[PDB]
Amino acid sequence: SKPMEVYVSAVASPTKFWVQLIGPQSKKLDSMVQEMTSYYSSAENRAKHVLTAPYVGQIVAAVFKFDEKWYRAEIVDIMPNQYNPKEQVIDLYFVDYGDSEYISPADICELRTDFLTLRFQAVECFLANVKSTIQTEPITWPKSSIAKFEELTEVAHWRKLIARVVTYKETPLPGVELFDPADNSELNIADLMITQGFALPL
């Protein structure tokens, strides 16, 4: 299996997380985020792309106020605002990173068409050859297993990892093996989790 340099950009669980491919793609992403952030920081530019008639599935531009950057995002739900009956709350999937956020429609614009050019950068994966420690079910990962995995991947802190795709599950979802080339271990991330009791094999 060919080693692939990736970042883990977002995590739900060891069996649901997102990677970005390192290379020409990651540099293009960085450039797009800057251009979209410059462009939509202008009230006059936003005025050209007023969000009207939003629908589930629409690809939009949205600012994440806490980092003040503008992102490509997919509307996955349109929900009531419990405090404010004037606005909805929009559930947005951030297509280049993999996190989802609840976002006010005030922070959303229609996406300028040319910003659609770049392939959506976040690739959803599961960690191959592991399962939850908890065998009573419906089961999910213990929060401590999720935190271990976030720590091992150093999610969203630009830690390069070496990925190999080794299986698939129901297009197919890729199951990957992850290795940290900067740690001092020959074990991959699945093995570290199993040997330390945060996951079980099979």
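A residue's number is simply how far along the shown sequence it sits, counting from 1.
Select one of none, 1 to 3, 4 to 9, or 10 or more to describe the deposited residues without coordinates separating residue 170 and residue 171.
Missing residues, residue 170 to residue 171: 10 or more.
Going by the mean C-alpha B-factor recorded in the entry, which is higher: 21 to 29 or 6 to 14?
Taking the mean B-factor of the alpha carbons in each, 21 to 29 is higher.
Output the stretch having the higher mean C-alpha B factor in the entry; the candidates are 34 to 42 and 152 to 160.
The deposited B-factors put 34 to 42 ahead on the C-alpha mean.
Highest recorded C-alpha temperature factor, please, choosing from 83, 120, 102, 126.
Across 83, 120, 102, 126, the entry lists the biggest C-alpha B-factor for 83.
Lowest, middle or highest third of the chain for the C-alpha temperature factor of residue 60?
According to the entry, residue 60 has a C-alpha B-factor in the chain's lowest third.
Would you check the entry's CA temperature factor for residue 116 and let me know if it's in the chain's lowest, middle or highest third?
Ranked within chain, residue 116 CA B lands in the highest tercile.
Pull the Cα B-factor of residue 73 out of the PDB entry and bin it into the chain's lowest, middle or highest third.
Its C-alpha B-factor, which the entry lists for residue 73, ranks in the lowest third among residues of this chain.
Ranked by Cα temperature factor within the chain, is residue 87 in the lowest third, the middle third or the highest third?
Its C-alpha B-factor belongs to the highest third of this chain's values.
Should residue 79 be placed in the lowest, middle or highest third of its chain by the C-alpha B factor in the entry?
Middle third.
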